[PDB]
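K.L.:
What would the 3D arrangement of this be:
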Amino acid sequence: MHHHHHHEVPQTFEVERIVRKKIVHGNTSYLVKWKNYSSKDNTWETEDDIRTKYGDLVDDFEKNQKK
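P.N.:
Numbering: from 1, shown residues only. Next comes the structure:
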């Protein structure tokens, strides 16, 4: 059935851009903000969990630092 709940944005999430990134013990982590709502807080999403949920900005940040 794929039942869904009720929340803001039709399952897409509106983020500003990838604040920064860092790996630990071999585990990459992408720290993205929330529309500049809390550039100090932000959320740390694995490199394999940030490009899938925020691949939009992910390919705009890392793709810029990688070169």
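
K.L.:
Tell me the spacing between residue 41 and residue 29.
P.N.:
15 Å (Cβ to Cβ, to the nearest Å). Backbone N, C-alpha and C define where each C-beta goes, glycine included.

K.L.:
Over to residue 18?
P.N.:
Taken as Cβ to Cβ, the span from residue 18 to residue 29 is 11 Å.

K.L.:
re the thing from before, comparing residue 41 and residue 29, which residue is more hemmed in?
P.N.:
residue 29 (16 against 10; other Cβ atoms under 10 Å).

K.L.:
Helix, strand, or coil at that one?
P.N.:
strand (DSSP: H, G, I helix; E, B strand; the rest coil).

K.L.:
Please name the spatially closest residue to it (chain neighbours excluded).
P.N.:
Closest residue to residue 29 apart from its sequence neighbours, by Cβ to Cβ, 6 or more residues apart in numbering: residue 44 at 4.8 Å.

K.L.:
neighbours of that neighbour, just the number please.
P.N.:
Around residue 44 there are 15 residues (other Cβ under 10 Å).

K.L.:
The helix or strand that contains it - which strands sit beside it in the sheet, and in what orientation?
P.N.:
Using DSSP states H and E, residue 44 sits in strand 43-46. Using DSSP bridges, strand 43-46 pairs in its sheet with strand 27-32 (antiparallel).
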